[PDB]
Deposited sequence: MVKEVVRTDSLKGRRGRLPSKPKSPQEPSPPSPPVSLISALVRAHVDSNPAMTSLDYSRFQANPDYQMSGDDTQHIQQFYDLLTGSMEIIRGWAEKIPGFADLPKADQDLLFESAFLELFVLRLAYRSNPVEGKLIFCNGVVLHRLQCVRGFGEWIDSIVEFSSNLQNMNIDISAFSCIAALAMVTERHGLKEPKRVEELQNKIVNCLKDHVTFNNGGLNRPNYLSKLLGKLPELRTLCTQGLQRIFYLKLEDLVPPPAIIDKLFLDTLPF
């Protein structure tokens, strides 16, 4: 019932099994509407799985529904990228998605554009730090459990955030490495802007219009 245990449990229960991965579409050197649609499908498919991870963070389910939505929606792309980066094999150009589908980076270029290159690069940096499951489960939680403008119960979010911070602190001790760990969180904000830049392009291009939920989330989150 420990907090770090519950966070690890949240992480483990919402990630695909390495023992049952889907290589049926994988192409190391591959030879467009359906690539863009794939990109959207990967985003939408990831949404329900991350929300399900969010709900397994202690205290998260206890917030007003408005606050849950605010936290989730604000951190979604940050979460998508982090979990992808941690799961994948950047040395081999392999991206492993939340449904267990394995695709080469080259297969992701048409849909994601320049963004998978940023993702794969980030995955390289993240993995070179050799962050254990416990520590990652903390960083993942902190990407979402953070103060946002428009929270009905910010002190509750603040309280939960610091509890996760101290979990990570205690686990690290089992000081230097902690700052570089928390330093991955502003780097995700940049990666999120980049996903947004990609959706922006695609929508402007208007070859495939984004599905309703992506569209709604994209439009609402723009501060202009």
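S.K.: Go through the deposited sequence from residue 1 and tell me which stretches lack C-alpha coordinates, in order.
M.R.: In sequence order, the gaps with no modelled C-alpha are 1-34, 66-71, 215-221.
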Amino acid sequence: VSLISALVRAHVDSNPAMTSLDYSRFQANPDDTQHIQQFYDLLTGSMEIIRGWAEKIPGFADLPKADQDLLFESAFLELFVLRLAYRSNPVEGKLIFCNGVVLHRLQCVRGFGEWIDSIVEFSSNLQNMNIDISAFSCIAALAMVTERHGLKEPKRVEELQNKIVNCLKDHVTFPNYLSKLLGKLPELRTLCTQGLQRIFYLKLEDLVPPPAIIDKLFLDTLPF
From here on, numbers count along this sequence of modelled residues.
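S.K.: Can you let me know which of the two, 120-128 or 74-82, has the higher average C-alpha B-factor in the entry?
M.R.: 120-128 has the higher mean C-alpha B-factor.
S.K.: What stretch has the higher average Cα B-factor here, 175-183 or 50-58?
M.R.: It is 175-183.
S.K.: Would you mind finding, among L42, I199, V165, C192, the residue with the largest C-alpha temperature factor in the entry?
M.R.: In the PDB entry, the greatest C-alpha B-factor among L42, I199, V165, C192 is found at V165.
S.K.: Against its chain's modelled residues, does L222's Cα B factor rank lowest, middle or highest third?
M.R.: CA B-factor rank for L222: middle third.
S.K.: Ranking the modelled residues of this chain by C-alpha B-factor as given in the entry, is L207 in the lowest, middle or highest third?
M.R.: As the PDB entry reports it, the C-alpha B-factor of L207 lands in the highest third of its chain.
S.K.: Going by the recorded CA B-factors, say which third of the chain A6 sits in, lowest, middle or highest.
M.R.: Its C-alpha B-factor, which the entry lists for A6, ranks in the middle third among residues of this chain.
S.K.: Compared with the other modelled residues in the chain, in which third is the CA B-factor of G100?
M.R.: Bottom third by C-alpha B-factor.
S.K.: State the tercile, meaning the lowest, middle or highest third, of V91 with respect to the CA B-factors recorded for its chain.
M.R.: Ranked within chain, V91 CA B lands in the highest tercile.
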